[PDB]
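Each ligand, and each atom within it, is numbered from 1 in the order the structure gives. The chain is numbered in sequence order, starting from 1.
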Amino acid sequence: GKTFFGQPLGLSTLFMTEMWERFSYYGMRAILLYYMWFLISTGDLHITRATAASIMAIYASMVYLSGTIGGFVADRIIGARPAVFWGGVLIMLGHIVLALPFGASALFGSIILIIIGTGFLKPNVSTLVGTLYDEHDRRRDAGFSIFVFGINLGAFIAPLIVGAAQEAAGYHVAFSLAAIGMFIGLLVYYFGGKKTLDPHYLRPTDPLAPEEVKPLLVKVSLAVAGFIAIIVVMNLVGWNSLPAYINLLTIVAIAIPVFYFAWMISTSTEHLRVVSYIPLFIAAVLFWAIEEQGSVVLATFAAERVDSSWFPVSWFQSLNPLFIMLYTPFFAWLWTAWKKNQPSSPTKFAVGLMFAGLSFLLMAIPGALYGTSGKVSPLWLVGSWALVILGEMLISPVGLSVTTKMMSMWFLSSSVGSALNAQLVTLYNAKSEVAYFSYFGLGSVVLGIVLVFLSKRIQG
Ligand SMILES: CCCCCCC/C=C\CCCCCC(=O)OC[C@H](CO)O[C@@H](O)[C@H](O)COC(=O)CCCCC/C=C\CCCCCCC
Ligand SMILES: CCCCCCC/C=C/CCCCCC(=O)OC[C@@H](O)CO
Ligand SMILES: CCCCCCC/C=C\CCCCCC(=O)OC[C@@H](O)CO
Ligand SMILES: CCCCCCC/C=C\CCCCCC(=O)OC[C@@H](O)CO
Ligand SMILES: CCCCCCC/C=C\CCCCCC(=O)OC[C@@H](O)CO
Ligand SMILES: CCCCCCC/C=C\CCCCCC(=O)OC[C@@H](O)CO
Ligand SMILES: CCCCCCC/C=C\CCCCCC(=O)OC[C@@H](O)CO
Ligand SMILES: CCCCCCC/C=C\CCCCCC(=O)OC[C@@H](O)CO
Ligand SMILES: CCCCCCC/C=C\CCCCCC(=O)OC[C@@H](O)CO
Ligand SMILES: CCCCCCC/C=C\CCCCCC(=O)OC[C@@H](O)CO
Ligand SMILES: CCCCCCC/C=C\CCCCCC(=O)OC[C@@H](O)CO
Ligand SMILES: CCCCCCC/C=C\CCCCCC(=O)OC[C@@H](O)CO
Ligand SMILES: CCCCCCC/C=C\CCCCCC(=O)OC[C@@H](O)CO
Ligand SMILES: CCCCCCC/C=C\CCCCCC(=O)OC[C@@H](O)CO
Ligand SMILES: CCCCCCC/C=C\CCCCCC(=O)OC[C@@H](O)CO
Ligand SMILES: CCCCCCC/C=C\CCCCCC(=O)OC[C@@H](O)CO
Ligand SMILES: CCCCCCC/C=C\CCCCCC(=O)OC[C@@H](O)CO
Ligand SMILES: CCCCCCC/C=C\CCCCCC(=O)OC[C@@H](O)CO
Ligand SMILES: CCCCCCC/C=C\CCCCCC(=O)OC[C@@H](O)CO
């Protein structure tokens, strides 16, 4: 019968929904840093470029952190299908805000809308993909990989289209194209979903029992009052600059996994089978930090150290999803052409971190060889993204499987690694380039070597 690459036809609806949301997301992040540079250059935004780079990292950290709770809100309160829709509406409003004739005053409102909207949408679109298959259907893994291909496709064409529009018609038009991309996703999702999506998911599947409402409200109210209390204390003692608020979000983002690990210890049955995952969680954090610096540090390098006079420099951001799409069929082959081998997940995470470290070590070569005052070939960045995505092909598909032996924890390692970036990327500039690349690249390599050592002990 009529299928979508052998899958239920409803997959095409969710395929396009996420392809256009990712288009709106990565099209925005391909030019947002340069947009802040521009506002700084005109005197409208009064921050350093180091702070702007820090804003990009904590922005990503909050988006992934917001995705850790969006599944709960849909499953218990509003439903998975309304969560995707209203999440898409909030994302669209987030980009419209940047298309309005405002300046730096609109940056915070746009960031908040997209953080909340992406938290509602991203975890619950993947959830809706699963609802196309029951628990016995073997097509589940094939349908998700096709779904992932739509993710990378939108992430691939967005910097090309949006980056070109910025260079031709300016930032406001470019951001409006991101808003239009999400709008297209809303049209296809709304009318397409009504035809093929199970109406059971218009409502929460585990709605709150009557006695559960109050303790949740107490739990939410205590968290907001405490967070607001901290901001009050900060302004009393003088810690009220934008870097101080970024440091607050950094501490909050890192304190979540460490508190969820400190009292997770207190049953020797898996007392140490949970300590097992910690050398792997720290490995995932450091890999995601390197990977998410491509839109910050490597975006800075592309704009300042690469002779890219004949094409928009935001196009470099397409190399990340391009290498993902090129690598995946080879690794799908490898993970079943090598049935006999299938090396251990702790070794996969160890080697994956070493490739990420090799991507930065490679970036230290041109500055050490030619100096940092000139311009170098774009192929240096191509080789860097080739190496780091090779590290992703190891840790990303096996990643959720290690901790199970929830994607929120893998939303979480991305948030912590991106929160770590909010501190580190302020260290990057033309004078620190070689030392920044060489030492964070070397440190990432040796931490992949100690993990290979520890890998024998971890498997138990
Ligand atoms: C069948 C698939 C095999 C793919 C594996 C090979 C990787 C692909 C291409 C490697 C090309 C090597 C670099 C070429 C080179 O040396 O540049 C020559 C060029 C002359 O016009 O000159 C230079 O001007 C350049 O400025 C000099 O600087 C360098 O070349 C330093 C290069 C950085 C080191 C890279 C060396 C080896 C990378 C191999 C990676 C393989 C990993 C596969 C998992
Ligand atoms: C999607 C971004 C990847 C771009 C990769 C481009 C690969 C280019 C390799 C050759 C190095 C740049 C050559 C510069 C060049 O030829 O310019 C033409 C001439 O007008 C001098 O500017
Ligand atoms: C006005 C500014 C508000 C911005 C909203 C951003 C909200 C971001 C995050 C809030 C959720 C934090 C709690 C996340 C959490 O603890 O879940 C982790 C857990 O699921 C691990 O599996
Ligand atoms: C109108 C206010 C903004 C939109 C409301 C949604 C704001 C995001 C989160 C509010 C807290 C909801 C409860 C989240 C929660 O308890 O997460 C628990 C965590 O274990 C999830 O698995
Ligand atoms: C700025 C935009 C304001 C909001 C415009 C859209 C509101 C118009 C009608 C409400 C539609 C709500 C549909 C919620 C929903 O669950 O949709 C799921 C989708 O699969 C269709 O069932
Ligand atoms: C429980 C709450 C967890 C904390 C979530 C709060 C995250 C809220 C906002 C993060 C935005 C990052 C900073 C935005 C920013 O700096 O832009 C404004 C700046 O350009 C104005 O000069
Ligand atoms: C379909 C409903 C949501 C999608 C967004 C709809 C509005 C998008 C674009 C309308 C025009 C965008 C504004 C362009 C603009 O004003 O910037 C250009 C000009 O101000 C600078 O010279
Ligand atoms: C200044 C530019 C306009 C700013 C407001 C843009 C809002 C325009 C349209 C709202 C689109 C709602 C989502 C699109 C959609 O498919 O909704 C269908 C649903 O509402 C039908 O019941
Ligand atoms: C930051 C501001 C957030 C404002 C909205 C956050 C609300 C968080 C917790 C309160 C949830 C109460 C929802 C009650 C509900 O819908 O269920 C009622 C019913 O199912 C019980 O029988
Ligand atoms: C539950 C216990 C509450 C105790 C306080 C918890 C939060 C403690 C410290 C938060 C500090 C925010 C980040 C530090 C900071 O503001 O740095 C300031 C510095 O960069 C110059 O302003
Ligand atoms: C999440 C619970 C409600 C919290 C209400 C208070 C939220 C206030 C700040 C959240 C963090 C964003 C801080 C970014 C910021 O405001 O920078 C302003 C900048 O001008 C510093 O002077
Ligand atoms: C008993 C609980 C386990 C032991 C406590 C572990 C510490 C818990 C939370 C601290 C989060 C790490 C500090 C965040 C960080 O490294 O950045 C600091 C920087 O932003 C301040 O300028
Ligand atoms: C071939 C694939 C992996 C690529 C990484 C291989 C290169 C490994 C390390 C290169 C970094 C060399 C750093 C040299 C250096 O820092 O010198 C310092 C001085 O020359 C610059 O200030
Ligand atoms: C198989 C990987 C190919 C070789 C990778 C090893 C690359 C090691 C260093 C990068 C080239 C070194 C550039 C020369 C250098 O750093 O010296 C500069 C300094 O001595 C001048 O004062
Ligand atoms: C799996 C792929 C590993 C990548 C290997 C690392 C290769 C990285 C950089 C090679 C730099 C060669 C650039 C020389 C070049 O062709 O352009 C000449 C330049 O002067 C034009 O601007
Ligand atoms: C098990 C949880 C994983 C925790 C991974 C994060 C590691 C903990 C703290 C990292 C602190 C990074 C501090 C960066 C730093 O101080 O240098 C940058 C600073 O100059 C920014 O102004
Ligand atoms: C020599 C240390 C053990 C080697 C472990 C293998 C690590 C992979 C490639 C070698 C990386 C060499 C990095 C050289 C380096 O960091 O120099 C720092 C430079 O800034 C000082 O000249
Ligand atoms: C064990 C968990 C590792 C997570 C954190 C790893 C890095 C932690 C702190 C780094 C801050 C110290 C910065 C060292 C440094 O000088 O780098 C800057 C240099 O390369 C350029 O000047
Ligand atoms: C300056 C030298 C650069 C090249 C050295 C890098 C390779 C050297 C040693 C790597 C293997 C060290 C031993 C690791 C090992 O086999 O531990 C056993 C482990 O597999 C059991 O889980």
Side-chain angles (χ1 to χ4, degrees), residues 13 16-17 20-21 50-51 54 58 81-82 84-102 113 117 121 172-173 175-177 179-194 222-223 225-256 259 301 305-310 319 322-323 326-327 330 355 358-367 369-370 374-393 419 422-423 426 437:
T13 292
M16 298 196 66
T17 300
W20 284 112
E21 180 270 328
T51 301
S54 188
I58 202 69
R81 288 180 59 183
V84 172
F85 178 84
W86 293 113
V89 171
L90 291 175
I91 295 166
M92 185 185 62
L93 298 172
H95 299 296
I96 294 179
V97 161
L98 290 187
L100 296 178
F102 294 132
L113 284 166
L121 184 141
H172 288 330
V173 171
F175 286 120
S176 73
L177 293 206
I180 293 178
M182 184 65 244
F183 177 75
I184 295 176
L186 277 170
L187 280 176
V188 181
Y189 169 70
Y190 178 84
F191 295 102
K194 272 190 156 300
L222 288 177
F227 181 81
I228 286 184
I230 297 179
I231 300 182
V232 168
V233 166
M234 283 171 59
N235 287 265
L236 305 181
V237 302
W239 300 340
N240 44 262
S241 66
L242 177 56
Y245 290 109
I246 292 189
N247 292 330
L248 171 63
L249 305 183
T250 302
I251 296 165
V252 170
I254 301 173
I256 293 179
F259 279 13
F301 187 95
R305 304 263 294 107
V306 174
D307 56 354
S308 57
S309 53
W310 44 280
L319 294 172
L322 171 64
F323 277 121
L326 296 173
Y327 285 170
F330 168 85
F355 275 141
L358 290 177
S359 67
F360 268 18
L361 286 177
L362 173 71
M363 292 300 302
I365 300 184
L369 183 61
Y370 303 103
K375 263 107 177 189
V376 304
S377 162
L379 296 176
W380 288 106
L381 283 181
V382 180
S384 186
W385 265 295
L387 288 166
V388 72
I389 297 308
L390 207 55
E392 196 178 314
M393 298 304 305
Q423 304 296 316
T426 63
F437 281 129

[X] neighbourhood, listing ligand 8 atoms whose heavy-atom distance to it stays under 4.0 Å:
{"X": "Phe183", "answer": "11 (C), 14 (C)"}
{"X": "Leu187", "answer": "16 (O)"}
{"X": "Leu186", "answer": "13 (C), 16 (O)"}

| said: Under a 3.5 Å distance rule, please check whether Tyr189 uses its side chain to pair with a backbone N or O of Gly88 as donor and acceptor. | reply: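 No.
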| said: In this structure, does ligand 8 have an atom that sits under 4.0 Å from one of the heavy atoms of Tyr189? | reply: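 It does not; every heavy atom stays at 4.0 Å or beyond.
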To the nearest 0.5 angstrom, please state how far the [atom1] atom of [X] sits from the [atom2] atom of [Y].
{"X": "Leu222", "Y": "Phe227", "atom1": "CG", "atom2": "CZ", "value": "15.0 Å"}
{"X": "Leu242", "Y": "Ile58", "atom1": "CG", "atom2": "CD1", "value": "10.5 Å"}
{"X": "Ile180", "Y": "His95", "atom1": "CD1", "atom2": "NE2", "value": "11.5 Å"}

| field | side-chain hydrogen bond (donor to acceptor under 3.5 Å, both in side chains) against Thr51, all qualifying residues, sequence neighbours excluded | value |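 Per chain and number, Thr51 pairs via side-chain hydrogen bond (donor to acceptor under 3.5 Å, both in side chains) with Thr48.
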| task | With sequence neighbours excluded, tell me which residues meet side-chain hydrogen bond (donor to acceptor under 3.5 Å, both in side chains) with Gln423. | result |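 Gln423: side-chain hydrogen bond (donor to acceptor under 3.5 Å, both in side chains) contacts with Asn247, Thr250.
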| Aromatic rings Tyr190 and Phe85: how do their planes relate, parallel, tilted or perpendicular, breaks at 30° and 60°? | tilted
| task | I would like to know whether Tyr245 and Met234 meet side-chain contact (heavy atoms from CB on, under 4.5 Å); could you show each step before the answer? | result | CA-CA 9 Å; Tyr245 290 109; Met234 283 171 59; 4.1 Å; yes
| request: Go through ligand 10 atom by atom and flag the ones less than 4.0 Å from a non-hydrogen atom of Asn247. | output: 13 (C), 17 (O), 20 (O)
| field | Backbone or side-chain N or O of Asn240 under 3.5 Å from ligand 10 N or O | value |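 No, there is no polar N/O contact under 3.5 Å.
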I'd like the atom pairs linking ligand 15 to the protein - N or O on both sides, separation under 3.5 Å - with distances to 0.1 Å.
from      : atom 1 : to     : atom 2 : distance (Å)
ligand 15 : 17 (O) : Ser377 : OG     : 3.4
ligand 15 : 22 (O) : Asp307 : OD2    : 3.0

Could you go through residues 376-385 and list every donor-acceptor pair under 3.5 Å that involves a side-chain atom there, pairing it with any protein atom two or more places apart or in another chain?
from   : atom 1 : to     : atom 2 : distance (Å)
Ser377 : OG     : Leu379 : N      : 3.0
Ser384 : OG     : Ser359 : O      : 3.1

